[PDB]
């Protein structure tokens, strides 16, 4: 009995879904629940295993689609330039090393083999290209052996991919594919032929031979949603909702517009055994929009995306009168409202200061005005820091997010102890805050009116800085934090697999 998690792709810099998975893998270990993680995309740029391992996936949890048909195992790239040239013939006259691209010329007839290396300093070659008379004709990819290669030809005097072959440990061909218009249009096995990736994915999941007690969990639907649904009917199927499932600005009393990434799953929800939402705020309403609009009653389960390991009680003096914002910085941020409402709150409050961690787009315009504004030296500036322990050295946290599906920095914040102010908006600020108790939730009008909130920020800022509340609602801010930490996650994650299979 296994739990197969399905996702499309992965990368060095990757985003909430992948981490919600990688995280989910670690709990599922601790329960002894066996689980694999399937990835459907074509990932040759990196070796697949490097990306999986970085995010924290064990190699015995990784099913790569195109690998699964071979005896080769998910592995780090151990193949060396030494080994690579044992396979090439002749002798290299002159090397050349620019960063990670190192190549050796065989000018007699005009050849060279260009190598691309895992790390600039090491010798483990990730892939090699064979160029003869100026044209790429072959490219091989390595882990502990060549697990695949690519064949090329000139077209429009541009190197063009026509074929990609996959091999077993011994170099016998497992299967190959044709490439036209940058799409995979044919797959040829010894006993099979397939004309579309959609029908390849069906074969793969039939080869898994899913059975009644296995659980398939679909984290991304694009291109695979229909085939996963059909082949998962024998097993238990479930769909997880990352971010927000509908659009209220396009909905009405009789007609709701789902987000285009969950529409198929919601439309077909009678094929799904259970749904997974980040917050029970989402289980709350999506349960009723299933009731109101579609009259369907699919089982929905709340399982947070992160966890707290330990309630973090600081042993240092609480620094009175300070501030912070940690978010991934863009326009959607809207902390020019956090910038201004600090100036507009600095008049009445002693020596207060905020730190802005996270950097990116728009960082230019926040520096633009924070200097010409009143508190220039008493609001912070510089970027990335790992705040894993530093939250507790603070007083309050500031979020102008119009949307958060699950706040992760918020997740850390309440465990670390800060009171919390944010708009009353789905779903994170609503599941992490009460407007007595932890904090204040600012109701927001339907449109951007700047001085609306900038004054409406200051008034709940000061109601807490006034005694006795600031530490009052901090210290029971944790009695809710006691549900979002690991032992409770492993409870419900555990909890969920059993009532799924008693069905």
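Residue numbers count along the first chain shown, from 1.
For the pair 494-502 and 4-12, the record assigns the higher mean C-alpha temperature factor to 494-502. Higher average CA B factor: 324-332, of the stretches 324-332 and 112-120.
Sorting 100, 384, 185, 202 by the CA temperature factor given in the entry leaves 384 at the top. In this structure the maximum Cα B-factor among 151, 391, 293, 167 is found at 391. Sort the chain's modelled residues by C-alpha temperature factor and residue 57 lands in the middle third, per the entry. The deposited CA B-factor of residue 480 belongs to the highest third of values across its chain. Per-chain ranking of the deposited C-alpha B factor places residue 369 in the highest third. Among the modelled residues of its chain, residue 175 has a C-alpha B-factor that falls in the lowest third according to the deposited record. Ranked within its chain, residue 130 lands in the middle third, by CA B factor from the PDB record.
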